[PDB]
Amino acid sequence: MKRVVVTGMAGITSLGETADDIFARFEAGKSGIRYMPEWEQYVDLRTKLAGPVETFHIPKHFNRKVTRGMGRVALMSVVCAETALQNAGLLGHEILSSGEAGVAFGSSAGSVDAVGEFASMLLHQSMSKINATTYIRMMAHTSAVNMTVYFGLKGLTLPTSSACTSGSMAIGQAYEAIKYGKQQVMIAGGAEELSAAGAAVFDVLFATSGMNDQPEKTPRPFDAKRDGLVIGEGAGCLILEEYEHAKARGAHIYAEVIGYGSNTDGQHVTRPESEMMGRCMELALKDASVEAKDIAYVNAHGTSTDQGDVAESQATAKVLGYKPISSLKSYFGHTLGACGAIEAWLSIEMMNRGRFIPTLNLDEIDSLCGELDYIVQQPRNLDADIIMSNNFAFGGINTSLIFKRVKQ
């Protein structure tokens, strides 16, 4: 069994494209949420809040030919992955084309523009909108495929498109591929592009927030006055690497991946089950050979829905006790496929800073949520050696990831 480390990290968020910039907005206490005037034209849509990425740097070599098979979600993904590879010192490295480097990546869906082209045939009886890149741009593994083609990867392609667990499932499966000796380097993460149709699927479940006139005070994970989630977009990426390989080249190491757990509720497509969420955390603890006491901080899923926040916090409290916990969805909204990767990236940053971010707009802890050490109001300084990051998605898919500090 091989040990697995994180040697590169990057993300694209509504709060910025570097951890320094994002943590500066964390301290300022401002979220990426805003009212969406462009969504007034959808009359049945009750929510009008989102966390878009207004801009992100696109290097000039991402030209017309390079990006022909990329919609927004795939372009954000590949640009994010290039920054993470550059961070790791592996951009243009021989290992990328060796067969020993691969990718795990997912999103809830491909590009909605390309989905519209594919659907225009069943409606308008016309093939004129479908073109040579419609499927590449629309398909749910558009990010992973565009990455192997762009970087020339010849190892494993692991498509972990599983809605809200896409990015955490990617990290876990990439970790396993290196742990079991199949690969030496993996690009791992998730991404999602924003669309009003994406908001609609949660709006028809009455899971969205209605506070359209107060974008600055919603979503409110675990808050007694929360009224649903707000969706966002972005991308997150970790570069995972076999430990001896990383040490041999003198690489900087951000964290060690020591546990991954995943299981399934087996009950309902949308309503989570507390008991199985907690079992997933126990699977990760067992995979890491650590106990609840050894976990210093938990990054919750914490979507700000009613029964989602209750099920998660009760299970976390049952398995881990009175642990420090917070949700970054208070800042970004629910970034869907991206969330597990963005949350793992920024939680590793918290561990390396010794500074753990509170849940924004958590003012009164809901009495129906589990007894946890909710970080509120201001960042909490902790000497944390081991952290846990949890995510839960439609179909009852659960993931739990455990990361450990590395001193070099």
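Note that residue numbering begins at 1 and tracks the sequence as displayed.
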Please compare 241 to 249 with 112 to 120 and say which has the higher mean C-alpha temperature factor in the record. 112 to 120
Compare the mean C-alpha B-factor of 374 to 382 with that of 337 to 345 as given in the PDB entry, and name the stretch with the higher value. 374 to 382
Using the entry's values, work out which of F206, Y260, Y297, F105 has the largest Cα B factor. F206
Classify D213 as lowest, middle or highest third according to the C-alpha B-factor given in the PDB entry, relative to its own chain. highest
Among the modelled residues of this chain, does the Cα B factor of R72 put it in the lowest, middle or highest third? middle
Classify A224 as lowest, middle or highest third according to the C-alpha B-factor given in the PDB entry, relative to its own chain. highest
Compare the C-alpha B factor of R137 with those of the other modelled residues in its chain, then answer lowest, middle or highest third. middle
By the record's CA B-factor, is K182 among the lowest, middle or highest third of residues in the chain? lowest
